[PDB]
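>>> compute the structure for the input listed below.
(chains A, B and C, ligands or ions: 1)
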Amino acid sequence: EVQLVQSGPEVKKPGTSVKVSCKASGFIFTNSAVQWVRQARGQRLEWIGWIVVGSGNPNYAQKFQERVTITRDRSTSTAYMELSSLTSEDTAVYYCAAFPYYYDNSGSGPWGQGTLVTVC
Amino acid sequence: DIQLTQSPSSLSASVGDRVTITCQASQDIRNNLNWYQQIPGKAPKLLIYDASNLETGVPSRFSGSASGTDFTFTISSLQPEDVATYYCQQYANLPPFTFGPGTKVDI
Amino acid sequence: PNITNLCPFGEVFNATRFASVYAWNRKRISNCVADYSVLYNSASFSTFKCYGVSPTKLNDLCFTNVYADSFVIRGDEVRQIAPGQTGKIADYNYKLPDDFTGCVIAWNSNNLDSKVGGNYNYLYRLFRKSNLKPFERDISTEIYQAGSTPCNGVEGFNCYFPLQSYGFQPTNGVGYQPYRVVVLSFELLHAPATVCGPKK
Ligand SMILES: *[C@@H]1O[C@H](CO)[C@@H](O[C@@H]2O[C@H](CO)[C@@H](O)[C@H](O)[C@H]2NC(C)=O)[C@H](O)[C@H]1NC(C)=O
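Residues are numbered from 1 along each chain as shown, chains lettered A, B, ... in the order given. Let me share the structure:
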């Protein structure tokens, strides 16, 4: 019952922001945390974003700050993702993870199907 | 900032061997360290969380162990079909969850 | 005797916006006559409990000070607003003394506080270094220190934001539904009593 899915936008506009939506179900949402990672061709995986459902502090790594934004979304259980200054090597799979038991020192929660955000 | 490294980076074995994946972090995370699976064509999922604390739906052959900052991911029943790429994942009280270089286990 | 200034109890029950639990109001109702009979004699009040005084006798024995406080809390723990009872919100956000002296009133308000999409406005605390002394606010947006690693401000797995939202929905179970709770505490300071009953 606990799982999540994502949208599938591909190319909004080179040099302009894109919108990615993730939805989840099966677990109480306003207790957990969600996060975003990048997977580029070549099996190289890096972390980009992370937001807690509690209050909201869009904290990111030093590399990608002032260039990304994740918005809390209590429609039913969702989050939206955006990032500006699209370049030639932003094409990647944007993977969603969710720690359900954030308030416990444990990790769980399936991952979405991945959004193929490419550039053209 | 935190950083880590996964030394094996490649395996070549067929059956039986207690294949191990050893990765070491710059900081001695207490227990907030896990591991991730990734099929060459599917999305990554979870195998072991909280340093080898198994999760609902895990297979038997998957396990792990700890020794100080060094952390081992063990398959005691390696089989020719459980072929994919692995990652050891870190997170300890700070936002940057840098990822290891992974490993593609192969026959 | 006739009648004089009647206490503005409506302005504490019939208001429009109620403060969240972690930071509750404190109206210093004083020098007015309060008719508790009309309060009690009504079916709109779900829970009507009192301690130290029976609910049908307080209309006499003029008091010194009456403190009215308000919360909106999940129904299925309303009971734990009573003295002594332990739990989660009571032991961190509001705990009455074991020698408490006052009345707890609570009623369902599914028609106002809930929203079609869910009114996630009210907030409650989740962590604290230690328990809470009686009758004191805890307004603080400082990350709670879990484990032993210091929290410099960045949210983390041992750096938890103290507050979180109820997440109300006007289709949930009866327990999950909101309830407006009013605590009427009484204090007898050595001074002329100033809040008497209707007939007196
Ligand atoms: C608070 O609001 C309620 C909402 O009805 C008021 O209840 C009415 O009060 C008047 C005045 O006594 C009565 O004539 C009505 O019959 C009451 N209606 C209901 C449905 O009870 C109440 O009086 C207001 N003031 C308080 C509670 O102090």
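>>> residue C:11: which element?
Assigned by DSSP states H and E, residue C:11 belongs to helix C:10-13.
>>> now do the buried residues in that helix.
Neighbour-count burial for helix C:10-13 flags C:12, C:13 (criterion: 16 or more other CB atoms under 10 Å in any protein chain shown). Any C-beta I mention is one placed from the backbone N, CA and C, and that applies to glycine too.
>>> show residues contacting that helix.
C:27, C:29, C:68, C:70, C:182 (CB atoms under 8 Å, 6 or more residues apart in numbering or on different chains).
>>> ChimeraX command for the buried members of those residues?
Here is the ChimeraX command that selects the buried residues among the contacts of helix C:10-13 (16+ other CB under 10 Å):
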select /C:29,68,70,182
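>>> and which of the contacts of helix C:10-13 is nearest chain B?
residue C:70 (36.9 Å; CB to the nearest CB).
>>> now the closest one: which helix or strand?
strand C:65-74.
>>> ok, residues contacting whichever helix or strand comes after that strand?
Moving toward the C-terminus from strand C:65-74, the next helix or strand (DSSP H and E) is strand C:102-108. Defining contact as CB under 8 Å, 6+ apart, one finds that strand C:102-108 is touched by C:39, C:44-53, C:55, C:58, C:75, C:78, C:81-82, C:96, C:177-186.
>>> downstream of strand C:102-108, the next helix or strand is which one?
strand C:123-125.
>>> close to chain A, is that following strand?
No. Strand C:123-125 is not in contact with chain A by CB under 8 Å from any CB of the partner chain; minimum separation 8.6 Å.
>>> now for that strand, which elements pack on it?
Under the contact criterion of 3 or more CB pairs under 8 Å, 6 or more residues apart in numbering or on different chains; DSSP states H and E, strand C:123-125 touches strand C:163-165.
>>> quick one: residue C:200 from residue C:131, how far?
41 Å (CB to CB, to the nearest Å).
>>> still on that earlier bit, residues contacting whichever helix or strand comes after the helix holding residue C:11, please?
Reading on from helix C:10-13 to the C-terminus, the next helix or strand found by DSSP H and E is strand C:27-29. Strand C:27-29 has contacts (CB under 8 Å, 6+ apart) with C:7, C:8, C:9, C:12, C:65, C:66, C:67, C:68, C:69, C:195.
>>> ok, now stretch C:33-51?
Here stretch C:33-51 has contacts from C:3-7, C:9, C:55-56, C:58-59, C:66, C:78-79, C:82-83, C:100-108, C:179, C:195-198, using CB under 8 Å, 6+ apart.
>>> whichever of these end up buried, select them in PyMOL.
Selection of buried members from the contacts of stretch C:33-51 for PyMOL, criterion 16+ other CB under 10 Å:
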select buried, chain C and resi 7+9+58+59+66+78+83+100+101+102+103+104+105+106+107+108+179+195+197
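>>> so what's the residue most central in space within chain A bridging to?
In chain A, the centroid-proximal residue (CA atoms, centre = their mean) is residue A:36; its distance is 3.2 Å. Beta-bridge partners recorded for residue A:36 (DSSP bridges): residue A:49, residue A:96.
>>> what residue in chain B comes nearest to the ligand?
For chain B and the ligand, the shortest gap (CB to the nearest ligand atom) falls at residue B:95, measuring 48.7 Å.
>>> apart from its chain neighbours, what residue comes closest to that residue?
Sequence neighbours aside, residue A:59 is the residue nearest to residue B:95 in space, at 4.5 Å (criterion: CB to CB, 6 or more residues apart in numbering or on different chains).
>>> what does residue B:102 give?
Nearest non-adjacent residue to residue B:102, counting by CB to CB, 6+ apart: residue B:87, 4.6 Å away.
>>> please settle this for me: is that neighbour part of a helix?
No. Read with DSSP: H, G, I helix; E, B strand; the rest coil, residue B:87 is strand and lies in no helix.
>>> still on that earlier bit, who are the packing partners of the strand holding residue C:70?
strand C:27-29, strand C:178-187.
>>> adding distance to residue A:72, write those out as JSON lines.
As requested, those are exported to JSON lines (distance: least, CB to CB, whole Å):
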{"stretch": "strand C:27-29", "distance to residue A:72": "33"}
{"stretch": "strand C:178-187", "distance to residue A:72": "21"}
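>>> run a quick neighbour tally on residue C:16.
5 (other CB atoms under 10 Å in any protein chain shown).
>>> so how far is residue C:170 from it?
Remark: distance between residue C:16 and residue C:170 (CB to CB) = 18 Å.
>>> what does residue C:103 give?
Residue C:103 is 28 Å from residue C:170, by CB to CB.
>>> what does residue B:56 give?
33 Å.
>>> which of those two has more neighbours?
Between residue B:56 and residue C:170, counted using other CB under 10 Å, residue C:170 has the larger neighbour count: 15 against 7.
>>> how about residue C:170: what's its closest non-neighbour residue?
In space, residue C:170 comes closest to residue C:114 once its chain neighbours are excluded; the distance is 3.7 Å by CB to CB, 6+ apart.
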